[PDB]
Amino acid sequence: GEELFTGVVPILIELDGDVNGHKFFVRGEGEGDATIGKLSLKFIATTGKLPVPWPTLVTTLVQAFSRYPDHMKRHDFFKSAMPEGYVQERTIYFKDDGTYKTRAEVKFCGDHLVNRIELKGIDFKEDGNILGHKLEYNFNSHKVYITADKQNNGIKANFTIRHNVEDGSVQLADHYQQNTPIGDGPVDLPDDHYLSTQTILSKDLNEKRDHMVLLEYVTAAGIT
Amino acid sequence: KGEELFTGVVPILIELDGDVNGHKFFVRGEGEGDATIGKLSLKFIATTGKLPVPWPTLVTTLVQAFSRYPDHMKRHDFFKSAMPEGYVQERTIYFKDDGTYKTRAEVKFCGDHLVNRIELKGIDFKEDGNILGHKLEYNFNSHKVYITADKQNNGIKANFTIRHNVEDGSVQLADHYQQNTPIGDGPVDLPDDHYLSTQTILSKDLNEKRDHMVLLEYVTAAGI
Ligand SMILES: [Cu+2]
C-alpha cells in the first residue's frame with residue numbers, strides 16, 4: 001500500500017460544490033511526492049468565478065501524500081488503504097457563519113491518485129467573510145490531530161483552520177473528520193499523532209480562468 | 001449491478017497512449033456521461049504537446065455504455081451488462097488510401113468513475129495525407145454503429161464507416177472494425193442486431209492553452 005507511494009504520483013481532483021444554492025465545479029491536477037511530503041497542484045473553477053474564497057476549499061481539495069518518517073510508518077492509515085482507498089468525510093463549522101459538509105472518495109485508478117468530493121454548504125451569511133469574499137489569499141500552517149477509530153476500522157481527525165481576514169481579524173473553521181477504508185483488507189490503525197502542514201497559494205499570471213496554484217508540505221509527527 | 005450503475009450522471013476518466021508512425025502522444029479526458037439521455041460531456045487535453053494527428057480521428061477511440069437504450073431494448077445493452085468489471089474494446093480503423101489505427105481499450109469502473117484506458121498504434125500513414133497533413137475539418141458527422149452478437153467470444157462486434165470532412169470539401173473515410181469482450185466471467189447480454197445512432201459536436205475552450213478538444217455527444221440505440 002505504502003508501496004504505491006515510493007515515487008512521484010500524478011493526481012486528479014474534482015469537487016462538485018453547492019454553497020447556499022450557489023453551484024460550482026473545481027478540477028485539480030498535479031503530483032504528490034510522499035517521500036518528501038510534497039503536493040504541487042493547479043485548480044480551475046470550470047464554472048466561472050467561485051462563490052466562496054479559494055482558501056475555504058483548500059482542506060477539502062489527499063493526506064496519503066503526507067511524509068510519515070520511517071519510525072512512524074505503522075501509523076500511516078492513509079497509504080495502507082490504497083489502492084482501493086478511503087472515504088473522507090468532514091463537517092466544517094465556520095465560526096459565526098455557515099457549515100461545509102464534504103464527502104470524498106480517494107483512490108488509485110491505474111497510475112493516478114483520484115480525489116472526488118461532493119461539497120454542500122448551508123447557513124452562510126451573504127455579507128460574511130466567506131460569501132463576502134473577505135479572506136486573504138494565503139493559508140496558515142496547522143496541526144491535524146489524528147486518532148484511531150476502531151469501530152469503523154478507520155481514523156478520525158480534529159483541527160481548527162485559521163483563515164486570515166482582509167481587515168486583520170481571523171476566521172475560524174472547526175474541522176471534524178472521519179476516514180473509512182473503501183475495500184475490505186487490513187489497514188494500519190495509528191496511535192495519536194498529528195500532521196504538521198504548510199501551504200502556499202499563488203496565481204498563474206497568464207491564466208484567465210478563476211484558479212488556485214498550490215504547493216504544500218506535510219510531515220507526520222508527535223511520536224518521538 | 002449492471003444497468004443499475006447508469007441511472008444517474010457518471011464521471012468519466014479517459015486515457016489514450018498513442019503512437020502514430022512513431023509519433024508518440026498522450027491524451028487525457030474528463031467529464032460526465034448520462035445514459036438516461038445518451039449524453040456525453042467531455043474535455044480532452046493532449047499532455048504531450050500538439051497532436052501529430054487530427055482530433056477528429058481520435059473521437060471514436062476516446063464509452064458506448066452511455067448510449068441511451070430505450071426501455072424496450074434494454075435486453076440488448078451489452079455495454080452496461082458487463083459493468084462494473086467492464087469490457088475490452090478492440091478496433092482496427094482503416095483510413096481509405098491512408099494508414100491504419102489499431103486500438104485496445106479497457107472500459108470499467110474505478111469506484112464512482114467510468115474509466116476508458118486506451119492504447120493506439122498507427123502505421124502506414126502518408127506524410128502529406130489528410131491525417132499527418134492535418135487536412136481534416138474540426139467537426140464530426142452523425143453515424144450508425146451496427147452491432148451484432150459474438151457468441152463464441154461472449155461479446156459483440158460492430159462495423160461502421162466514419163466520414164471525416166476534409167478541408168477541400170472531399171471526404172476521408174475510416175472503416176471501423178470493432179470487437180468487445182467482457183473482462184469479468186461474468187454473465188452478459190448478447191443483443192439481437194441493432195444500431196447506435198450518433199451525433200457529436202466538437203469545440204474549444206478559449207482559455208485552454210494546451211492542445212485540446214471539448215466534446216458533446218448524443219447517442220441513442222435503435223433498430224429493434
Ligand atoms: Cu473524475
Side-chain angles (χ1 to χ4, degrees), chain A residues 4 10-18 23 25-31 42-49 62 64 81-89 102-119 180-184 203-211 213, chain B residues 1 5 8-18 26-34 41-48 62-63 65 83-86 88-89 104-119 183 203-216:
Chain A
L4 298 166
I11 299 167
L12 306 166
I13 302 171
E14 319 165 2
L15 186 161
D16 187 10
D18 185 341
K23 289 180 171 297
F25 197 94
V26 171
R27 290 182 183 279
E29 75 182 278
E31 40 176 73
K42 168 174 175 185
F43 303 91
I44 309 292
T46 60
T47 36
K49 194 172 193 55
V62 283
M82 297 300 167
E84 286 173 310
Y86 55 79
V87 179
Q88 172 159 313
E89 301 178 291
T102 69
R103 184 190 196 272
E105 297 201 0
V106 188
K107 63 207 199 292
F108 274 92
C109 297
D111 272 330
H112 327 261
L113 183 138
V114 176
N115 178 25
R116 169 149 184 282
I117 310 151
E118 53 199 340
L119 180 154
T180 312
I182 289 175
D184 49 347
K203 298 288 188 188
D204 181 337
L205 299 182
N206 312 116
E207 175 58 80
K208 295 200 182 303
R209 298 163 289 185
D210 195 12
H211 70 284
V213 175
Chain B
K1 291 174 65 175
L5 287 162
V9 176
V10 172
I12 303 169
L13 181 166
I14 304 159
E15 305 180 60
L16 191 175
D17 187 358
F26 191 90
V27 173
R28 171 182 57 77
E30 293 168 289
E32 306 86 17
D34 189 346
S41 179
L42 296 152
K43 180 174 168 182
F44 298 95
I45 295 282
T47 61
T48 37
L62 307 155
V63 291
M83 300 299 171
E85 275 164 300
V88 170
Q89 176 158 299
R104 184 185 175 86
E106 90 184 316
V107 181
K108 61 180 176 178
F109 278 84
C110 175
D112 274 6
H113 293 88
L114 182 126
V115 180
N116 179 24
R117 180 170 299 103
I118 313 131
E119 186 188 19
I183 291 160
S203 57
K204 300 291 193 191
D205 176 352
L206 291 183
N207 291 310
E208 177 58 65
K209 279 295 193 178
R210 295 173 294 184
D211 195 13
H212 68 287
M213 173 177 72
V214 179
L215 180 147
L216 179 39

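Computation of the quantities below employed the complete heavy-atom set of this structure, encompassing side-chain atoms and omitting hydrogens, waters and symmetry-equivalent molecules. Within every chain, numbering begins at 1; the chains are lettered A, B, ... in the order of the sequence lines, protein sequences first and strands thereafter.
- Looking at A:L12, the atoms closer than 4.5 Å to chain B (heavy atoms on both sides) all sit in the side chain, from C-beta outward.
- Look at A:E105 and A:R103 and you find a salt bridge, because one of the NZ, NE, NH1 or NH2 atoms lies within 4.0 Å of a carboxylate O, short of that distance.
- One finds the CD1 atom of B:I12 at 7.5 Å from the CD atom of B:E32 (value rounded to the nearest 0.5 Å).
- Note on B:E208 versus A:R27: no salt bridge recorded, every NZ/NE/NH1/NH2 to OD/OE distance being 4.0 Å or above.
- Of the atoms belonging to B:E15, it is side-chain heavy atoms, and not backbone ones, that fall under 4.5 Å from chain A.
- Contacts between B:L206 and chain A at a heavy-atom distance below 4.5 Å are absent for every atom of the residue.
- Scanning both residues, A:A104 and A:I117, for their nearest heavy atoms gives CB-CG1, 3.6 Å.
- With a threshold of 4.5 angstrom between heavy atoms, B:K209 does not approach chain A through any atom at all.
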